[PDB]
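A short write-up of the structure that comes next.
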Amino acid sequence: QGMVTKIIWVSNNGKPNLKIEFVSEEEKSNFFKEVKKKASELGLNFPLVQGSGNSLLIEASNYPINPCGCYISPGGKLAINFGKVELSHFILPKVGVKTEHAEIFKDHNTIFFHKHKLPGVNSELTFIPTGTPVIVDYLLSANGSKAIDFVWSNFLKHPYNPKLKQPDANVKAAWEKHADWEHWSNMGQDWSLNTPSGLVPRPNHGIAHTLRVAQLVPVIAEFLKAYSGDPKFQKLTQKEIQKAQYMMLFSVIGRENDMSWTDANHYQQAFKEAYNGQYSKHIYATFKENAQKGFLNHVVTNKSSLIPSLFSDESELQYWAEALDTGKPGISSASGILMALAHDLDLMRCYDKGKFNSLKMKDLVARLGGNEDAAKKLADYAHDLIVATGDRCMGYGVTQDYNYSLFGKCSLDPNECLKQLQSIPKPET
């Protein structure tokens, strides 16, 4: 259960109090009943007083007669004494207060709200956003799970488009005139992979890649908080990280082959040189359209589940719908960089060591304040995820080809793939 909507650091009289909002009026009338009863069974006088509307107030402490209540710590943090550790374990889960919100010591009756979570008076902390419906690691959540099932069954389980396996005869002729261009056979590379479990489509951009990059996002975020030195990452909320993680599930669903951006540029120009300068839609533009169509499809179906639980509102959802692109969203924002780094890190599966080190590792190190040790620890984790899913690795660490048996089991079963990814311990900062 949740019960509590939000809590506020208020100041009735000179003493610091805590205003507790609730969903329903009866919910307040039950929180009041259960706690006051629990407090009287511990011989405690817990100052739980009815407030305005559906709110309850925890009055200040009354030393030495009644130490229970609120007070301001010497460090400035808001503290609440529950008298006994028994009462705290009975109240905190009903409110939603965890280690993320306050300092909760083992075998102790007093908690301390973090200074950056609840700085001073009139500071708020929402547990349940107003408008939250009653539905009848974020990858484990209901929203995450439904998104995984969607991108798998609607896009990632399907073969690449044979029409985009190679250009027509005309475009081929215009292509081969450029010696500086890689051959047009790049359009058909990494088409599929034979495994004992079955023929795996798009093996370089499948469910394994998708789940891996999504898995990397919260880990990279923590490293950025610790080693980047940039305030924008230090202020990055868990909510934002969840959205960034959620969006990476749709990162490559639009792809119709394993083309590079450069290959696509070459196709467009060769199309131009072959058909009297006629315009053709850039293939990566088609990819985006495909991904947007899929994303918007899933969104409108589960709009109630996503707003406001994950996305603030319909307009914020519009932002991501427009920003959605293949691989990276190419935005210079905090979230943008985070998602791009997760994408870049997984490129060790298809880049050679020289290419991956120079083009990707040097970037990551710079992002991490120049900390090479931190970068290695992060890259090692990405390497472990690739090994755990039987994928190939050619850009970092102990290089390997596909573990065909393991890769087949994971790539043809998102649930199994997700299970293997979770078997890998996350590195600490």
Side-chain angles (χ1 to χ4, degrees), residues 2-12 14 16-22 28 31 35 39 42 44-49 51-105 107-114 116-130 218 221-242 334 369 428-429:
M3 306 184 67
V4 173
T5 298
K6 70 176 183 180
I7 57 179
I8 307 97
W9 183 352
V10 299
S11 177
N12 273 6
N17 290 10
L18 183 72
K19 195 170 185 177
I20 309 178
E21 290 282 353
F22 291 90
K28 160 192 171 179
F31 181 87
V35 169
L42 300 175
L44 299 178
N45 184 26
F46 192 74
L48 187 62
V49 184
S52 59
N54 305 21
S55 63
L56 294 177
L57 273 69
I58 304 180
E59 295 186 351
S61 302
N62 190 25
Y63 285 87
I65 301 187
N66 191 14
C68 297
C70 303
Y71 72 92
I72 302 180
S73 67
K77 295 169 294 184
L78 177 64
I80 301 181
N81 195 330
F82 295 96
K84 290 180 174 296
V85 66
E86 171 69 16
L87 181 57
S88 61
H89 290 354
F90 183 82
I91 297 182
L92 293 181
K94 288 187 176 61
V95 182
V97 176
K98 302 180 180 181
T99 58
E100 301 175 344
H101 308 110
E103 306 181 24
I104 307 177
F105 299 89
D107 192 30
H108 191 239
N109 57 6
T110 305
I111 69 176
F112 298 84
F113 286 99
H114 300 304
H116 65 85
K117 298 289 296 182
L118 206 69
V121 196
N122 305 329
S123 300
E124 301 182 0
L125 206 164
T126 306
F127 301 95
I128 305 178
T130 53
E222 290 302 320
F223 273 69
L224 287 177
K225 292 186 177 181
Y227 305 108
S228 74
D230 295 329
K232 65 182 177 183
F233 293 119
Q234 297 169 346
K235 300 297 181 181
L236 203 59
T237 70
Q238 183 173 259
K239 191 81 161 189
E240 291 169 321
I241 296 172
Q242 289 175 352
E428 298 291 340
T429 62

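Scope of the values below: all heavy atoms of this structure, side chains included, with no hydrogens, waters or symmetry mates. In what follows, residues are counted from 1 in the order of the sequence shown.
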If you apply the rule side-chain contact (heavy atoms from CB on, under 4.5 Å), what do you find for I7 with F113, and how did you get there? CA-CA 11 Å; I7 57 179; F113 286 99; 3.7 Å; yes
If you compare all heavy atoms of [X] against all heavy atoms of [Y], which two are closest, and at what distance to 0.1 Å?
X	Y	result
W9	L18	N-CD1, 4.3 Å
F223	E428	CZ-O, 4.2 Å
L118	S123	CD1-O, 3.3 Å
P67	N81	O-CB, 3.2 Å
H108	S88	O-OG, 4.0 Å
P129	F127	CD-O, 3.7 Å

Can you list the steps and then say if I20 with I58 is a side-chain contact (heavy atoms from CB on, under 4.5 Å)? CA-CA 8 Å; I20 309 178; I58 304 180; 3.8 Å; yes
Would you say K98 has more than 12 foreign heavy atoms packed within less than 6.0 Å of its NZ? no
Does a side-chain heavy-atom distance below 4.5 Å link [X] with [Y]?
X	Y	value
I91	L87	yes
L236	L224	no
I111	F82	yes
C68	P47	yes
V4	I128	no
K235	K225	no

If you measure from [atom1] on [X] to [atom2] on [Y], what distance do you get to the nearest 0.5 Å?
X	Y	atom1	atom2	answer
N109	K84	CG	NZ	9.0 Å
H114	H101	NE2	NE2	8.5 Å
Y71	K77	OH	NZ	9.0 Å
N17	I80	CG	CD1	9.5 Å
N45	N66	CG	CG	4.5 Å
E222	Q238	CD	CD	8.5 Å

Between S228 and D230 (side chain of the first, backbone of the second, donor and acceptor by atom type, cut-off under 3.5 Å), is there such a pair? yes
Show your reasoning for whether side-chain contact (heavy atoms from CB on, under 4.5 Å) applies to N122 and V10. CA-CA 6 Å; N122 305 329; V10 299; 5.5 Å; no
Are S73 and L78 close enough, and set up right, to give a side-chain contact (heavy atoms from CB on, under 4.5 Å), and what steps lead you there? CA-CA 6 Å; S73 67; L78 177 64; over 6 Å; no
Determine, for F90 and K94, whether the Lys NZ or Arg CZ falls below 6.0 Å from the six-membered ring centre while staying within 45 degrees of the axis. yes
Between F112 and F105, what is the ring plane arrangement, given parallel below 30°, perpendicular above 60°, and tilted in between? perpendicular
Salt bridge between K6 and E21, side-chain N to carboxylate O under 4.0 Å? no
